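Starting off, we have a lone chain in the form deposited in one PDB entry, written out as structure tokens.
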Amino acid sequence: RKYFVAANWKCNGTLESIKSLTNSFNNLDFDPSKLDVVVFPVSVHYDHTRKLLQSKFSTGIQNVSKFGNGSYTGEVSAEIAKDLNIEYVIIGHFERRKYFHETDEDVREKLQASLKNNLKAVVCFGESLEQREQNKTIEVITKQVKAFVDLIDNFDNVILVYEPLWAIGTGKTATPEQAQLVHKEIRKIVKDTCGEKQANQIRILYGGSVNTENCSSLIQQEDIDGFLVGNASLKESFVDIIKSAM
């Protein structure tokens, strides 16, 4: 299974910083048929970013609507994304679950709309610190995955991302070891409700704090197929995090 490295620039950037950052990325020599590298810029920055990035890199958007075309002011539907040749979309990120009250049901409806319009999806989930302290991680993870697992028609087109909320912003850290354990568990859940061939071809990315110092330890875990990088993707050094996966 092919490694996946994604850059989530979130709500950051200017036309200038993006011109400056895309040039550094373009200097990276890599074969896109042996590694997937995706960049997710702010929606209004999309065209500009797609024009500055060489086709080596794939591009997507940070969110997509659960509804289709219609009277939904401010939403970007999956068909609109499809019409523009936007290949990937991020769904269920915890900032969207937290600041904007997206539920597991919004996650599944968005995943369905995306698959219906032939877009590839990056689905996020993970447990909070309160839930981990109560030894409930597996119960919470299985509930979040069950909400949408039955829609995956092609296990190459849907990528899973585990976000260890308990270790995000709490002033706690995750050891690659503690991450690999959850990934293994997630893969077992996919094996048991979808099949063995499906479980072994689907990528499960680590979605915690990833930098140039620990990216090598994480990728080397058999069940960690890459990452969804936040802050560190806003720096030129991000080319180093991509090298570790090749």
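Quick note: we count residues from 1 along the sequence shown, nothing fancier. C-alpha atoms forming the largest set that superposes within 1.5 Å between two forms make up the rigid core. Residues that one form lacks are left out of the comparison.
Peer 1: What stretch has the higher average Cα B-factor here, 113 to 121 or 164 to 172?
Peer 2: Looking at the recorded C-alpha B-factors, 164 to 172 comes out higher on average.
Peer 1: Once you work out the mean C-alpha B-factor for both 88 to 96 and 155 to 163 from the entry, which is higher?
Peer 2: Stretch with the greater average CA B-factor: 155 to 163.
Peer 1: Highest recorded C-alpha temperature factor, please, choosing from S43, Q178, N69, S65.
Peer 2: Of the options given, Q178 has the highest CA B-factor in the PDB entry.
Peer 1: Would you mind checking which of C194, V38, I204, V182 has the top Cα temperature factor in the PDB entry?
Peer 2: Of the options given, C194 has the highest CA B-factor in the PDB entry.
Peer 1: Can you tell me whether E102 has a C-alpha B-factor in the lowest, middle or highest third compared with the other modelled residues of the same chain?
Peer 2: For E102, the deposited C-alpha B-factor lands in the middle third.
Peer 1: So where's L234 on the chain's Cα temperature factor ranking, which third?
Peer 2: Its C-alpha B-factor, which the entry lists for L234, ranks in the middle third among residues of this chain.
Peer 1: Classify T59 as lowest, middle or highest third according to the C-alpha B-factor given in the PDB entry, relative to its own chain.
Peer 2: Lowest third - that is where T59 ends up once the chain's C-alpha B-factors are sorted.
Peer 1: Using the B-factors in the PDB entry, rank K143's C-alpha atom against the chain and give the third, lowest, middle or highest.
Peer 2: Middle third by C-alpha B-factor.
Peer 1: Going by the recorded CA B-factors, say which third of the chain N12 sits in, lowest, middle or highest.
Peer 2: For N12, whose C-alpha B-factor we compare with every modelled residue in the chain, the answer is the lowest third.
A second form of this protein, the form deposited in another entry, is not displayed here; the remarks below concern that form.
Peer 1: With the two forms aligned on the rigid core, which of the residues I168, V76, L84, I138 moves its CA by 2 Å or more between the shown form and the other one?
Peer 2: The one that shifts is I168.
Peer 1: Relative to the form shown here, do the C-alpha atoms of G169 and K10 sit closer together or farther apart in the other entry, given a change of 3 Å or more?
Peer 2: Those two alpha carbons end up closer in the other entry.
Peer 1: Superposed on the rigid core, which segments of at least three residues move by 2 angstroms or more at the Cα between the shown form and the other one?
Peer 2: In sequence order there is one run that relocates between the shown form and the other one, which is 166 to 173.
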